[PDB]
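As C-alpha cells, the structure follows; a few thoughts come after it.
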Amino acid sequence: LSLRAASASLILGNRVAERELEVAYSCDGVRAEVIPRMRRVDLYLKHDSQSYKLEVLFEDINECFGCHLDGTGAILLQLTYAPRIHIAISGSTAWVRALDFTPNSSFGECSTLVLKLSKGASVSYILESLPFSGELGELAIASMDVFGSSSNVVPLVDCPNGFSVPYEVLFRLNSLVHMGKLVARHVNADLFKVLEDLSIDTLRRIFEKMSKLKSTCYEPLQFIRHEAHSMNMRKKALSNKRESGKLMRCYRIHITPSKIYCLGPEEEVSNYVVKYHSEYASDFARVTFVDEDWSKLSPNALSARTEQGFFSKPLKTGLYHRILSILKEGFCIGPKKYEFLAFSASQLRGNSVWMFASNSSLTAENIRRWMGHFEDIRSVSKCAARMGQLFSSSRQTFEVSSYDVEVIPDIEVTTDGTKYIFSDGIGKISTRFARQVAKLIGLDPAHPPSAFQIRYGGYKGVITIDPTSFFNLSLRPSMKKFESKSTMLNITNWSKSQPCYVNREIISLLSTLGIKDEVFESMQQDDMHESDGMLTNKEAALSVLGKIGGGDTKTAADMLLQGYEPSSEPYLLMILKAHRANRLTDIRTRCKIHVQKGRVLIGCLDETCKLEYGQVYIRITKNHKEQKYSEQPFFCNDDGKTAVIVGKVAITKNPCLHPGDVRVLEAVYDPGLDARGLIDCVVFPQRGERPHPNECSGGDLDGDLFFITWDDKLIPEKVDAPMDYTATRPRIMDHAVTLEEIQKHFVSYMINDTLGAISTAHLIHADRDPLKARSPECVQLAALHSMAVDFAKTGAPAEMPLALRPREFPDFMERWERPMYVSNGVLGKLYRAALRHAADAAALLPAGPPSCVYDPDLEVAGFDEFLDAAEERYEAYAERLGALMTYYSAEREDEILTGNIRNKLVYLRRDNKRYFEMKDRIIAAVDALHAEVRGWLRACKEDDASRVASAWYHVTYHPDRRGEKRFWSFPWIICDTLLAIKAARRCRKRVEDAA
C-alpha cells in the first residue's frame, strides 16, 4: 500500500515568466511513482538505447502546480537541487551511478520539470505526498535555442562581447541562476548594461537582497532598477565600507555529477599559496566534487560491483571517468578556464581540490614549481601528500631566514632490529620568537602557547617553546618531507587547554577495559542537571558556558558576572537558550559529555632527557569551575592559575579503535621541567624502549591531539599490549611525477576510502559483543582502519570486506532509515538516559512572561543626540548579518550567533566532519563581522564610545523605537566596554544605589 503510479510524458525546461513554460527536452513513457515512506518521487525513464532513473526527494522541491495547460494537468517542479540520475548495466529488471543522457546536456541547464498527466487515462492524479504550494497560469511555450556545450560544464552564462563586467558579478549572477532565483535565458544585453551602470558594492547588496525570495525573479530589470533607485536615497554614501585586510573571499564551486554549482565568494581563512598570489585570488577555486544535493559523494557512486555482476574490477562507473576528465582538462567559466592545481589532506578527506585559471602571467605548473622541487619522488602517494602539505588553512607569520633555522639530530632508537624515531614532528623555538608569533596571530604575548602545530617550508611538525637563548627556532631531519625554497613559516594552530570530551569511540574503549558504566551515567546526569539549571541560575549558566569556546560565550560570561539574568535581558535569554539547546542536542546525539577532570592537549616531547619511561609530565591551567575547590589529591604544585597533575592518568587519542591505544601512565613533577616554562604539553619520555605516542592508535607528534584524563573512576587497572605499526613498505612504479598520476591516485582515494564506515562498524561490533574491543571483528577492523588512514602516506587500497559492514544499526545513532534495535551497552544506555531526560524534563512552558524591559539604568544622560548617527549604523549591521543569515540558511540571530543552525540542511544532517567545517566557517565569519563592528566603535571618539553604545542599546531595546526589528544582539557586541559604565552607575553614583 505504498505505491501511486502513473505513466506520462516529461517536459524539462524553465519558466520565461510566471506562466510561460519553456521546454528544452521531450521524452515519453516516463513512469512516475511516488513513495512517501522515504519522501521520494521517482521517474523511471527509457532513453534511446537503455533505461534510466530520476529520483528526487521532498527536501529539494520548491513548489507544485496543477492544470495550467492546454492538453492536461501538469506539475511544475522547481528544484533547488538536480534530480539523481541512475542507469542500468547489470542485466536484472542492481542500479548504477552514471551522469546524464541528454544530447545537448540539457539536464543541467533547465532547473524546472513539467510532469504532465496522461489525460487519455489521467491515472489517479498524484498531488498525494507532494506538498502543494500555489497554483499557476496556463499552457507551455517553445523556442529554446542555446545548444551550447561550454566545456561539458553546465549551466553557465557569459557576458556578450560588447560588455566588460567584473568576474565577481558574473560569478554571482551564475550562482543566482544556479539557486533558481534568476531566470536562465533572461540575462540579455540590457541586463548586463544596467548592471555595468551600477557599482560593485551596490550589485553585491542587491544580490544579497534578491537572493532571499523563495521564487524566481521573472522581471530582473524591474527589480534591479527599482532597488538602484531605492538604495540611492536611504542615504547617499556610507562610511568606511572596510578598512582592514582580513580573511579572503573564496569562490567555492561544487561539481555535481550532472551540473556545476557556483557559490558566492565568501569570507574564509586562506592557506599559504592563495594569500601569496594575492591579486590572483579571483582565480583559485576550491572546487569540491560532491553528490547531487551537496551531500558528500558516496564511494558507491564511483563503483558498485552490482550483485547481478558480482565480481572484482569494480568497473569505475561513468561518474569516475567524468570526474577524471573534468579534473584533467578543466572547464570554462566566462573569461577564464580552470586547470587542476592540487589537493591537501584536509581537502582530500573533504572531497575537495584546488584548481586554477591558467593565463598569461601565471599557470598551474608555475605554481607547483614555485612550491618546491618534487622532481625526484618515485612514489605517487607520498608525492601527493607532500604537494598538498602547503595547502592547509593557516595564519602566516613572517618568513624564516635560512641561517636561523638549523637542524638538530633527531632522537632515534633501535629495538631488536626495529627502528623508532622519537621526535618525528616537533622542534624547538625561542621564547622571543614564540612571543612574536603569538603577537601576530592574536593571542596573549604574556602567555605564549607552549607549542604550535605548523607547516613551514618542507617540514610539517610542532614547534615547542624552550627558554634557552641564542637561536630563533629549530629544525629536524625527520620533518623535511620535501625540499623547497619557501621561507614563511605557517601556523596550523596552537595548544590550548581544550576541555576533554569523551566521544562514542573513547567511551566504548573505556567500557571495554573494565570501567563500569555507572560513572558514565553519573557524569552524563551531572551535565544534564547543570545544563538544565543554566536557564535560571547564575553559577549554573557560568559553568555550562565556560566549556564552550567563542567570544559570544566570553561576553555572556561577563554579563552574568556583572549581575544580569535571563528575565532581565532578552539577548542573554536568546543566547543562553540557544547554547543550552545546542548542548542538550549534542549530548543526546553524539555522547559528547563533558569531563571536569581531564583535558585534550597536543603532544609534546621532553628535551632534558631527565624523566624516565612510563611517566609523562602535565601542567594545565585551572579553570573557573576549579577556582572553588583547589584542594584535590591529584595536584602537585599550584600557582593560583595553573596546576600539575600527579595521579595515575590515562591518555589516548581519537580515532582510537584498538584496546591499548589508551595508556595509563604515572605523572611526575620535575622542578627543572617546570622551571622550563612548559605548560599544557603532555611532555612525553625522551627515553625508553619505545616512544609512548607511538603506542597510541597511529602515533606521532605531527600535530595530533590526545585526550587525557585523571579521574580515579576512568583509569583502567590493567591494559592490553600496544600494537606494532609496521605494515606497508610501499614502492611500485612509473618513475615520474606526472600530474595524471596525482589525479588517478586522488580519485582512487575517493573511490576506496571508507574511513567513517570503518569507525562506525568498529563501534557497532564493539557494542554488539561481550569483549567490546577484543573481538576478532574489532581487531581486524582496527588493523584495517590503521591501513586505511595509512592512505596519505602509502596509498594502499582501503577495501572494506562486506562481511563486516553492518546492515543493522543500534539506536544511539538516531538514523531513521536503517534496521534499528535497542541497545544494552553503555553508549546505548547513556543515550536512552539522555532521551528519557529530555522527554521527562521537557517542561519549560511553566516558566513565565519572559518579556523584557529596557533597563533604565544602562544609559548616559548626555545621549539625546547620536540617535540618527547610530540608527543608520545599526541598520547596516542588521542588513549585513541578515545577508550572512540567509546565506548560511539560518533563520534567527541565535543559530548564527552560536554558529549552529536549527532548521538543518540536507547535507549536514548526515555528515559530521563537513558540518564541523561549516560551523568553523560560520564562527570565523561572525568573528570577522564582530571585529568590523568593534572597528566601527573605535572609529568614534574615545570619549564618545560609552555614549554611542548606550544610544545603540536605547535604540534597539526601548519598544518605542524597536517594534519591527528582530535583532537584540547589536549593542552587547561591544559589551566589554559598555557594561563597564555599569560599574560607573554603581560606584557612588547615587544616594545608596550600590553602597
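Numbering starts fresh at 1 for the residues of each chain in the C-alpha cells, the chains themselves are lettered A, B, ... in the order given, and ligands are numbered from 1 as they appear.
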Subject >> alpha helix (DSSP H) call set, DSSP backbone run, region 487-631 of chain A, as a ChimeraX atom specification >> reply: /A:504-511,517-533,538-546,551-561,570-590
Residues of the last selection are to be written out with C-alpha atoms, as a compact mmCIF listing (two decimals), in the first residue's frame.
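Contents of again-v9.txt, freshly written:
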```
# COMPACT_ATOMS: atom_id res chain seq x y z
CA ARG A 504 31.47 7.34 21.47
CA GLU A 505 34.78 5.73 20.49
CA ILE A 506 36.54 6.68 23.73
CA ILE A 507 33.51 5.65 25.79
CA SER A 508 33.47 2.24 24.13
CA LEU A 509 37.23 1.81 24.53
CA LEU A 510 37.00 2.65 28.23
CA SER A 511 33.96 0.44 28.86
CA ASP A 517 29.07 2.33 33.17
CA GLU A 518 27.87 3.89 36.44
CA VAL A 519 30.50 6.64 36.30
CA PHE A 520 29.46 7.44 32.72
CA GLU A 521 25.83 7.67 33.82
CA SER A 522 26.85 9.88 36.75
CA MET A 523 28.82 12.30 34.56
CA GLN A 524 26.03 12.49 31.99
CA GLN A 525 23.47 13.11 34.73
CA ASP A 526 25.62 15.84 36.27
CA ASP A 527 25.95 17.55 32.89
CA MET A 528 22.22 17.34 32.17
CA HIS A 529 21.31 18.76 35.59
CA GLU A 530 23.88 21.55 35.23
CA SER A 531 22.72 22.47 31.72
CA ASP A 532 19.07 22.47 32.79
CA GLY A 533 19.82 24.68 35.78
CA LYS A 538 23.97 32.48 37.59
CA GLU A 539 26.59 29.92 38.64
CA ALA A 540 24.95 27.11 36.67
CA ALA A 541 24.92 29.16 33.47
CA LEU A 542 28.50 30.29 34.08
CA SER A 543 29.52 26.64 34.47
CA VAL A 544 27.74 25.31 31.38
CA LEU A 545 29.12 28.28 29.43
CA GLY A 546 32.77 28.02 30.48
CA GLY A 551 33.72 35.36 22.03
CA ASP A 552 29.95 35.22 22.47
CA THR A 553 30.48 32.99 25.50
CA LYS A 554 33.01 35.45 26.93
CA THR A 555 30.55 38.33 26.51
CA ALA A 556 27.75 36.32 28.13
CA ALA A 557 30.10 35.35 30.97
CA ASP A 558 31.00 38.97 31.69
CA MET A 559 27.30 39.85 31.52
CA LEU A 560 26.37 37.13 34.03
CA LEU A 561 29.23 38.14 36.32
CA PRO A 570 16.40 39.15 26.26
CA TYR A 571 19.74 38.96 24.45
CA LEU A 572 21.20 36.90 27.28
CA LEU A 573 17.97 34.90 27.20
CA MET A 574 18.28 34.15 23.48
CA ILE A 575 21.98 33.26 23.64
CA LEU A 576 21.54 31.09 26.75
CA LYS A 577 18.57 29.24 25.28
CA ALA A 578 20.47 28.64 22.04
CA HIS A 579 23.60 27.35 23.79
CA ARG A 580 21.52 25.15 26.10
CA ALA A 581 19.52 23.63 23.25
CA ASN A 582 22.72 23.02 21.29
CA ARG A 583 24.43 21.35 24.24
CA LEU A 584 21.41 19.17 25.02
CA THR A 585 21.04 18.03 21.41
CA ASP A 586 24.79 17.41 21.21
CA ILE A 587 24.97 15.32 24.39
CA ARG A 588 21.99 13.38 23.04
CA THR A 589 23.18 12.64 19.52
CA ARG A 590 26.97 12.41 19.93
```
Subject >> Test item: residues at most 10 Å from residue 954 (chain A), only C-alpha atoms, excluding those fewer than 4 positions along its chain, as JSON, numbers by chain >> reply: {"A": [854, 855, 856, 858, 859, 863, 867, 948, 949, 950, 958, 959, 960, 961, 962, 971]}
Given the selection you just returned, output its residues as a file containing C-alpha atoms, formatted as a short mmCIF file (atom, residue, chain, number, x, y, z; two decimals), in the first residue's frame.
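Full text of out.cif as output:
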```cif
data_model
loop_
_atom_site.label_atom_id
_atom_site.label_comp_id
_atom_site.auth_asym_id
_atom_site.auth_seq_id
_atom_site.Cartn_x
_atom_site.Cartn_y
_atom_site.Cartn_z
CA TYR A 854 14.64 48.34 28.75
CA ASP A 855 16.95 48.68 31.76
CA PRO A 856 16.53 52.34 32.78
CA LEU A 858 22.21 51.23 31.39
CA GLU A 859 22.44 54.62 29.66
CA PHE A 863 22.94 60.89 24.86
CA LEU A 867 20.24 58.60 17.70
CA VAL A 948 27.23 55.75 21.36
CA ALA A 949 26.97 52.26 22.89
CA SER A 950 24.20 53.47 25.20
CA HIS A 958 13.11 50.51 24.18
CA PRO A 959 9.89 49.32 22.46
CA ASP A 960 9.02 52.89 21.44
CA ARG A 961 11.85 52.66 18.88
CA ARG A 962 12.05 48.88 18.35
CA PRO A 971 24.87 46.71 21.48
#
```
Original post:
DSSP on the backbone: what in region 113-328 of chain A comes out strand (DSSP E), as JSON, numbers by chain?
Top reply: {"A": [113, 114, 248, 249, 250, 253, 254, 255, 260, 261, 262, 266, 267, 268, 285, 286, 287, 288]}
Write the residues you've just listed into a file as a PDB file, in the first residue's frame, and include N, CA, C and O atoms for each of them.
```pdb
ATOM      1  N   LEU A 113      11.010  21.122 -13.976  1.00  0.00           N
ATOM      2  CA  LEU A 113      10.463  19.919 -14.574  1.00  0.00           C
ATOM      3  C   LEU A 113       8.957  20.071 -14.710  1.00  0.00           C
ATOM      4  O   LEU A 113       8.305  20.697 -13.872  1.00  0.00           O
ATOM      5  N   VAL A 114       8.407  19.501 -15.775  1.00  0.00           N
ATOM      6  CA  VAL A 114       6.974  19.515 -16.028  1.00  0.00           C
ATOM      7  C   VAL A 114       6.550  18.063 -16.169  1.00  0.00           C
ATOM      8  O   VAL A 114       6.751  17.444 -17.222  1.00  0.00           O
ATOM      9  N   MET A 248      40.142  36.132   3.353  1.00  0.00           N
ATOM     10  CA  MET A 248      39.858  36.442   1.960  1.00  0.00           C
ATOM     11  C   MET A 248      38.615  35.697   1.486  1.00  0.00           C
ATOM     12  O   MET A 248      38.147  34.751   2.117  1.00  0.00           O
ATOM     13  N   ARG A 249      38.076  36.125   0.350  1.00  0.00           N
ATOM     14  CA  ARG A 249      36.859  35.541  -0.198  1.00  0.00           C
ATOM     15  C   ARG A 249      37.218  34.397  -1.135  1.00  0.00           C
ATOM     16  O   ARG A 249      37.940  34.592  -2.118  1.00  0.00           O
ATOM     17  N   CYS A 250      36.710  33.212  -0.827  1.00  0.00           N
ATOM     18  CA  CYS A 250      36.873  32.037  -1.668  1.00  0.00           C
ATOM     19  C   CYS A 250      35.673  31.890  -2.590  1.00  0.00           C
ATOM     20  O   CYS A 250      34.536  32.186  -2.203  1.00  0.00           O
ATOM     21  N   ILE A 253      33.083  26.079  -5.410  1.00  0.00           N
ATOM     22  CA  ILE A 253      32.380  25.540  -6.567  1.00  0.00           C
ATOM     23  C   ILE A 253      32.138  24.053  -6.371  1.00  0.00           C
ATOM     24  O   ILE A 253      33.083  23.263  -6.310  1.00  0.00           O
ATOM     25  N   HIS A 254      30.879  23.655  -6.272  1.00  0.00           N
ATOM     26  CA  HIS A 254      30.550  22.241  -6.247  1.00  0.00           C
ATOM     27  C   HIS A 254      30.399  21.727  -7.670  1.00  0.00           C
ATOM     28  O   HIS A 254      29.945  22.442  -8.565  1.00  0.00           O
ATOM     29  N   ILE A 255      30.799  20.478  -7.879  1.00  0.00           N
ATOM     30  CA  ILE A 255      30.682  19.820  -9.177  1.00  0.00           C
ATOM     31  C   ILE A 255      29.814  18.585  -8.958  1.00  0.00           C
ATOM     32  O   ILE A 255      30.314  17.502  -8.647  1.00  0.00           O
ATOM     33  N   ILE A 260      27.247  21.921 -12.637  1.00  0.00           N
ATOM     34  CA  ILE A 260      28.114  22.732 -11.792  1.00  0.00           C
ATOM     35  C   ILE A 260      27.236  23.494 -10.810  1.00  0.00           C
ATOM     36  O   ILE A 260      26.019  23.587 -11.002  1.00  0.00           O
ATOM     37  N   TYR A 261      27.841  24.039  -9.756  1.00  0.00           N
ATOM     38  CA  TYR A 261      27.106  24.805  -8.754  1.00  0.00           C
ATOM     39  C   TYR A 261      28.077  25.820  -8.162  1.00  0.00           C
ATOM     40  O   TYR A 261      28.890  25.471  -7.303  1.00  0.00           O
ATOM     41  N   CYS A 262      27.996  27.059  -8.627  1.00  0.00           N
ATOM     42  CA  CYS A 262      28.825  28.105  -8.057  1.00  0.00           C
ATOM     43  C   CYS A 262      28.362  28.413  -6.635  1.00  0.00           C
ATOM     44  O   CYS A 262      27.256  28.056  -6.226  1.00  0.00           O
ATOM     45  N   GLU A 266      32.827  33.851  -0.465  1.00  0.00           N
ATOM     46  CA  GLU A 266      32.547  34.014   0.951  1.00  0.00           C
ATOM     47  C   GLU A 266      33.834  34.205   1.733  1.00  0.00           C
ATOM     48  O   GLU A 266      34.900  33.711   1.360  1.00  0.00           O
ATOM     49  N   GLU A 267      33.715  34.938   2.833  1.00  0.00           N
ATOM     50  CA  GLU A 267      34.840  35.122   3.732  1.00  0.00           C
ATOM     51  C   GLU A 267      35.318  33.775   4.252  1.00  0.00           C
ATOM     52  O   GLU A 267      34.517  32.919   4.635  1.00  0.00           O
ATOM     53  N   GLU A 268      36.633  33.588   4.250  1.00  0.00           N
ATOM     54  CA  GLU A 268      37.225  32.335   4.679  1.00  0.00           C
ATOM     55  C   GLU A 268      38.709  32.554   4.920  1.00  0.00           C
ATOM     56  O   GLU A 268      39.323  33.450   4.326  1.00  0.00           O
ATOM     57  N   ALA A 285      40.187  28.223  -7.113  1.00  0.00           N
ATOM     58  CA  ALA A 285      38.847  27.693  -6.904  1.00  0.00           C
ATOM     59  C   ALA A 285      38.950  26.427  -6.075  1.00  0.00           C
ATOM     60  O   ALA A 285      39.543  25.439  -6.520  1.00  0.00           O
ATOM     61  N   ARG A 286      38.390  26.467  -4.869  1.00  0.00           N
ATOM     62  CA  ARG A 286      38.317  25.293  -4.003  1.00  0.00           C
ATOM     63  C   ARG A 286      37.105  24.462  -4.424  1.00  0.00           C
ATOM     64  O   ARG A 286      36.075  24.399  -3.751  1.00  0.00           O
ATOM     65  N   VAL A 287      37.244  23.822  -5.579  1.00  0.00           N
ATOM     66  CA  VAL A 287      36.138  23.074  -6.165  1.00  0.00           C
ATOM     67  C   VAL A 287      36.021  21.743  -5.437  1.00  0.00           C
ATOM     68  O   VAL A 287      37.005  21.014  -5.292  1.00  0.00           O
ATOM     69  N   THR A 288      34.823  21.432  -4.957  1.00  0.00           N
ATOM     70  CA  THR A 288      34.590  20.220  -4.185  1.00  0.00           C
ATOM     71  C   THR A 288      33.632  19.315  -4.943  1.00  0.00           C
ATOM     72  O   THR A 288      32.468  19.668  -5.152  1.00  0.00           O
TER      73      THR A 288
END
```
Original post:
What's the 10 Å shell around residue 298 (chain A), counting only C-alpha atoms, without same-chain residues fewer than 2 positions away, as a ChimeraX atom specification?
Top reply: /A:290-291,295-296,300-303,750-751,753-754
May I have the selected residues written with C-alpha atoms, as a compact mmCIF listing (two decimals), in the first residue's frame?
```
# COMPACT_ATOMS: atom_id res chain seq x y z
CA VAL A 290 30.01 16.45 -4.26
CA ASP A 291 26.96 14.30 -4.92
CA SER A 295 25.91 15.71 0.34
CA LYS A 296 29.34 14.10 0.17
CA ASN A 300 29.20 3.67 -4.05
CA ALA A 301 28.69 6.39 -6.67
CA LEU A 302 32.05 5.66 -8.34
CA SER A 303 31.86 1.85 -8.23
CA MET A 750 37.80 8.97 -3.36
CA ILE A 751 36.54 5.61 -4.61
CA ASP A 753 38.34 5.45 1.28
CA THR A 754 35.70 4.38 3.79
```
Subject >> Contact residues around residue 905 (chain A) with only C-alpha atoms at 10 Å, ignoring same-chain residues under 6 positions, as a ChimeraX atom specification >> reply: /A:59,294-295,888-890,915
Subject >> All residues 8 Å or closer to region 691-702 of chain A, only C-alpha atoms, same chain fewer than 2 positions away omitted, as a ChimeraX atom specification >> reply: /A:420-426,453,460-462,602-604,614,652-658,660-663,684-689,704,722-725,786
**OP:** Go through A:536, A:490, A:9, A:596 one by one, measure the shortest atom-to-atom distance of each to residue 708 (chain A) using only C-alpha atoms, and give the residue with the smallest value.
**Re:** A:596
Original post:
Between A:550, A:672, A:73, A:756, which has the minimum distance to residue 926 (chain A) (counting only C-alpha atoms)?
Top reply: A:550
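Nearest-residue note for residue 932 (chain A): choosing from A:39, A:973, A:21, A:802, the minimum distance belongs to A:973, counting only C-alpha atoms.
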Original post:
Which residues come within 12 Å of residue 278 (chain A), counting only C-alpha atoms, excluding same-chain residues fewer than 6 positions away, as a PyMOL selection string?
Top reply: chain A and resi 245+247-249+270-272+284
Atoms kept (N, CA and C atoms) for selection, written as a PDB file, in the first residue's frame:
```pdb
ATOM      1  N   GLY A 245      42.497  44.317   5.996  1.00  0.00           N
ATOM      2  CA  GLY A 245      42.579  43.184   5.094  1.00  0.00           C
ATOM      3  C   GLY A 245      42.530  41.842   5.795  1.00  0.00           C
ATOM      4  N   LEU A 247      40.561  37.871   6.487  1.00  0.00           N
ATOM      5  CA  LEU A 247      40.399  36.648   5.706  1.00  0.00           C
ATOM      6  C   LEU A 247      39.766  36.935   4.348  1.00  0.00           C
ATOM      7  N   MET A 248      40.142  36.132   3.353  1.00  0.00           N
ATOM      8  CA  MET A 248      39.858  36.442   1.960  1.00  0.00           C
ATOM      9  C   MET A 248      38.615  35.697   1.486  1.00  0.00           C
ATOM     10  N   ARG A 249      38.076  36.125   0.350  1.00  0.00           N
ATOM     11  CA  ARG A 249      36.859  35.541  -0.198  1.00  0.00           C
ATOM     12  C   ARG A 249      37.218  34.397  -1.135  1.00  0.00           C
ATOM     13  N   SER A 270      42.553  31.676   4.573  1.00  0.00           N
ATOM     14  CA  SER A 270      43.292  31.218   3.410  1.00  0.00           C
ATOM     15  C   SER A 270      44.524  30.428   3.825  1.00  0.00           C
ATOM     16  N   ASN A 271      44.944  29.524   2.948  1.00  0.00           N
ATOM     17  CA  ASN A 271      46.202  28.817   3.112  1.00  0.00           C
ATOM     18  C   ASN A 271      47.327  29.699   2.577  1.00  0.00           C
ATOM     19  N   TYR A 272      48.517  29.128   2.398  1.00  0.00           N
ATOM     20  CA  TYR A 272      49.675  29.953   2.072  1.00  0.00           C
ATOM     21  C   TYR A 272      49.613  30.468   0.641  1.00  0.00           C
ATOM     22  N   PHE A 284      41.890  31.212  -8.004  1.00  0.00           N
ATOM     23  CA  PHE A 284      41.879  29.948  -7.284  1.00  0.00           C
ATOM     24  C   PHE A 284      40.443  29.522  -7.014  1.00  0.00           C
TER      25      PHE A 284
END
```
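CA of residue 352 (chain A) is positioned 19.6 Å from CA of residue 909 (chain A).
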Original post:
Which polymer residues have any atom within 8 Å of an atom of residue 967 (chain A), counting only C-alpha atoms, with same-chain residues fewer than 2 positions away left out, as a ChimeraX atom specification?
Top reply: /A:878,893,956,965,969-970
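Of the listed residues (A:212, A:733, A:142, A:55), A:142 comes nearest to residue 20 (chain A); the distances count only C-alpha atoms.
In terms of minimum interatomic distance to residue 333 (chain A), A:172 ranks closest within A:481, A:172, A:19, A:31, counting only C-alpha atoms.
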